[PDB]
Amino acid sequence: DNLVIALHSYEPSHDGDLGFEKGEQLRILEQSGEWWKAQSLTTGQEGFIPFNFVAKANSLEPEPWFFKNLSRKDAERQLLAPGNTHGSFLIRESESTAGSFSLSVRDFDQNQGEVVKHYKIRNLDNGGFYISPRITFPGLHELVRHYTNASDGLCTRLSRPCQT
């Protein structure tokens, strides 16, 4: 069920490598750290690919954090229910800037207890998203995977997806 698309052309260097093209559909068999095992859907060839040369070609709607048709002030109530906490987050289609996305994360502060902060995910050319121009991402899956492990810039760490 797990499918990626190649961002770059790669020409093998090690024995066991799979070579591939920009725009090629590969399917993942194993995820060992930095060299994943894949089968190309174009040739049928198998081998190890460099992890950062590919992005998830897997539907966003199955993902726990992605709340398709949701609105700013609701995202704030969605998060403000019991069952959630600081670090709880979600991504939602931008009602304002159509074509776009926003990030809603519950946060704590001494003073006004518990804010829910919104951020703007800016679009890149073709393969890309970002929140800080310092790091750019090929897809939403890769953005989310980076910030749940580091907060760099964000005013919290993305602890948990929103629980409905």
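Just count from 1 along the sequence shown to find any residue number.
Higher-B stretch (mean Cα B-factor, as the entry records it), 72 to 80 or 86 to 94: The stretch with the larger average C-alpha B-factor is 72 to 80.
Mind pulling up the entry and telling me whether 17 to 25 or 146 to 154 has the higher mean Cα temperature factor? The recorded data point to 146 to 154.
Between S59, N123, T136, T42, where does the Cα B-factor run highest in the record? In this record, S59 carries the highest C-alpha B-factor of the candidates.
So among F129, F101, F67, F51, who wins on Cα B-factor in the entry? Result of the comparison over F129, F101, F67, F51: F67.
According to the PDB entry, is the CA B factor of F108 in the bottom, middle or top third of its chain, that is, lowest, middle or highest? For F108, whose C-alpha B-factor we compare with every modelled residue in the chain, the answer is the highest third.
Considering every modelled residue of the chain and its Cα B-factor in the PDB entry, is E30 in the lowest, middle or highest third? For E30, the deposited C-alpha B-factor lands in the middle third.
Can you tell me which third, lowest, middle or highest, the CA B-factor of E114 falls into for its chain? Highest third.
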